[PDB]
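Two forms of a single protein chain come next, each set out by itself as structure tokens; they are called structure 1 and structure 2.
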Structure 1
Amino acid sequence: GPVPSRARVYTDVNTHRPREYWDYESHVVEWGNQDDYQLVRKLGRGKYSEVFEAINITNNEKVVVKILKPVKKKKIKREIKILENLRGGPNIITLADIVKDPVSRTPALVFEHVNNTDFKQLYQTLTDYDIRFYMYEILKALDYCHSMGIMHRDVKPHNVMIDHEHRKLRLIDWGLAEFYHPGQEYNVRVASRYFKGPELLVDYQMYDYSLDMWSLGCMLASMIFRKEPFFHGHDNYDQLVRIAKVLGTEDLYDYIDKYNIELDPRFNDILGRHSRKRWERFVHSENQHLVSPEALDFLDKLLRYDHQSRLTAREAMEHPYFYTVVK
């Protein structure tokens, strides 16, 4: 069997809470009044949701309404409970209300509104300083949710709303998030392919908050190198091949050995042998204004195979890459 692992930070938060904090299946929802809201304009569609700008007609407040398609109530309560436990944290999207149609019983979550920039416009315009600023703002949200015993598990550009005109950022889409219980084996079929950590790709189930830090590093590399996504796999096996062609195979097999991880023999066959490629090799004329020695050192400390060796979000906030933002 694989060697067990525990988070280096916030390991025991959930045992320092009443059971109902994390036992989301017992949660009793506080339902508001759907008649308080009217739709204004559609913003987007999810696999299980339709997302609208809306207005509270009792007090003129602009909000966003996320109408939920039929999924298991268990998943809905998990997302509600997590949003209520994290409400108020820095750059965490704020849940304002929870309503349901009395006839069709379709539920909806009501949130503060964000005027999100086209991520195409967004990439053209961000400077080096901007990337550092927004990265620090994401770290504030991740440190906060990790400190409250939750892993997001789906960190990626589509789930980071940036209103660049208002220099405003929110981490959204808490539908994959989960409570961290040390020793628990989690489903590895989470995150989007390009942002999946090596632990997911080798089926190492005793992962923790540090999964989100791998995803964050994938976002940082795509932004500073102007290559989206940075690790562009065709499937979950190719995804680890793409990672191994940058980080190298030597460290991958050291990680597998350290945790007594068993790979499919054919997976081992396709991984081959790849030298580590220095981060400087990804710098080009078109992206060099976003790259600095500090950025590459920071990236190198996020994108590590061994989840225990990655910076925590709190450690990341201390990195010299952020000195120009905070001091």
Structure 2
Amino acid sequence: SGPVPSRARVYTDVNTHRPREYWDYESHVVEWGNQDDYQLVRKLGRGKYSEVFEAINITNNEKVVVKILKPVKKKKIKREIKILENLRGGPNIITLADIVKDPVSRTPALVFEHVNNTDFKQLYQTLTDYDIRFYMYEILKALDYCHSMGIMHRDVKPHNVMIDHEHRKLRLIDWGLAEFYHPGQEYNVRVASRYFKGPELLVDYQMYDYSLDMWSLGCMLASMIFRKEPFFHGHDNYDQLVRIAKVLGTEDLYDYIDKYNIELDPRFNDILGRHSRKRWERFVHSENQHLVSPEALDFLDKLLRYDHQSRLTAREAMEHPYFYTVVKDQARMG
């Protein structure tokens, strides 16, 4: 039988109509600068693919962020570099300032523009109802741009959103997992963080598209308005689907499985069970009532869908009543 093919409802062929140089990142030539132009000041943290430092550009004494890339295939380094240059100057996208290599260790490193970020473990506890709508609108500006540019982030989560709350600025960072969308291509489902993986990654459906980012965004919105971090708290990839199925119900899950003829892992046979689709009022209590509204629930409900085709696009999300007040204040400032 095999899975049913799928295509994105928006920006399906944008990369096809580009010159081959735009998406053929393997043939991209990189001009490696000298890392001596930067002096590391502080370690801002580290992850599985890189360790991040705050550095100073000794030529003009401006703050930058140096991200020393951990050993991955050069093909994947050019991918992140090509994507960052294609998205350069876009709304709420991090700005790649330079590409350098250590003269001694010869290790590649990326240099980004500095951001004054407050970690969401201290910031999301302080966000008002308006702040969530405002910053979600900013993330949506970034997602709509890169999707329109044929690029698919595949790792949307609070750790990858730097917010300057004093200046109300926001930047979407960490594009090491981003990929170009091409209709018909089957991608690796081993992407994104566990708590933000879309159902298509959990049931191993490889022909996904930009809508994968919209599920991750719905997981962020759910945790912010309900004050439950994370919202789907699974112990592994298989239990992650059971946590989703206990909220969105199992009826729409098996309809999704049947629609795309997805071969379900036999491990899911005994753990999914049968669950109803819970109304969002079960997650509202005295601590989060000021962040929940009929608009927030209607908007959240339209993001968290099994069928990736039925999720809102980034532009459709920006047109939701949930953002009406943010759009108006933006207009007068204009």
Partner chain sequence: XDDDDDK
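Between two forms, the rigid core is the largest collection of C-alphas that superpose within 1.5 Å. Reference numbering: structure 1, starting with residue 1.
The chain as displayed in structure 1 is taken from the form deposited with its partner chain bound. Superposing the two forms on their core leaves just one of 266, 278, 273, 284 with a Cα displacement of at least 2 Å between structures 1 and 2, namely 266. Relative to the superposed core, residue 33 shifts its CA atom by 2 Å or more between structures 1 and 2. At residue 222, the distance the Cα travels between structures 1 and 2 is 0.2 Å after the core is superposed. After superposition on the rigid core, the Cα atom of residue 67 is displaced by 1.2 Å between structures 1 and 2. Note on residue 124: its Cα is shifted 2.1 Å between structures 1 and 2, core used for superposition.
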